[PDB]
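Take a look at this single chain, the form deposited in one PDB entry, given in structure tokens.
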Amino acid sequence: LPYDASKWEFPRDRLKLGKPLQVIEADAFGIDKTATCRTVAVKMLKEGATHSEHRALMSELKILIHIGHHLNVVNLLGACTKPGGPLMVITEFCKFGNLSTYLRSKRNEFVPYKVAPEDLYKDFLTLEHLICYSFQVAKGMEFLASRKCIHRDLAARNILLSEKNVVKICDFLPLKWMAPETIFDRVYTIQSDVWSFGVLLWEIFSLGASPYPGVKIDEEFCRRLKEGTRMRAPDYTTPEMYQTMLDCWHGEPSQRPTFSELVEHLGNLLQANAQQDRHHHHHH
């Protein structure tokens, strides 16, 4: 893959590094044509990285360039790659952090839908929010899958909350997100990402709970998963959303929905939910 320096290269002295999130928060001067000073996130190699470790982050940068822009994938802004300092990959900064942590903090601030007076539920999460986060991640994953990309670590911890309830796919016990074929055969495909998406759905509709609550992650866990045991419906799910999780958790990878099918399905459930809400709002 190519690296186009004229488009992407950013001077190192235009950054002020801040607190670690290695991924670090930073201030960037003149990275945009939209503003002078902007907060950003920087991924860089620690002191004493090898030639091969340098190649890994470089290949990741090129892949982000090749992938291109989507609202639901953390947006690359620039890079420091030329000699004189460490390799640095610069993206937008999502100040609200990961989705798991956020959902966990909203557990006392949930109603399934809003009615009048709406101020009683100011900044509350609703079913529209949860389905909307799901829909957004599905679209970002359909964008990635279309470009022959496999995420490999799709989990709520790798979903970022931005302004105006926009979520973004990023890449910061992992076994609880892995498909059976990934565990037992070390096979990574787009279909195994769909499995992980299902576990991500469970996380959203449990408001940031840890998958397989109270289950020891040993050889018995893997045995039962391969043999068809699944998580039970989480506390904030709808019946259709739980069925969607089960679909993502199909034993045969080819029998799981595609991200394209998930985008259409979740979009329809978002619309049905909104139509329901408008009726709740009207009659009360």
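In this text, residue numbers run from 1 along the sequence as written. So that the term is clear: the rigid core is the largest set of C-alpha atoms that superpose within 1.5 Å between two forms.
Heads up, the form deposited in another entry isn't pictured, but that's what we're talking about next.
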Of the candidates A155, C132, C80, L160, the only Cα that travels 2 Å or more between this form and the one not shown, given a rigid-core fit: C80
C-alpha of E240 off by 2 Å or more between this form and the one not shown on rigid core: no
Core fit, then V263 C-alpha moves 2 Å or more between this form and the one not shown: no
Rigid-core frame, C-alpha of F29, shift of 2 angstroms or more between this form and the one not shown: yes
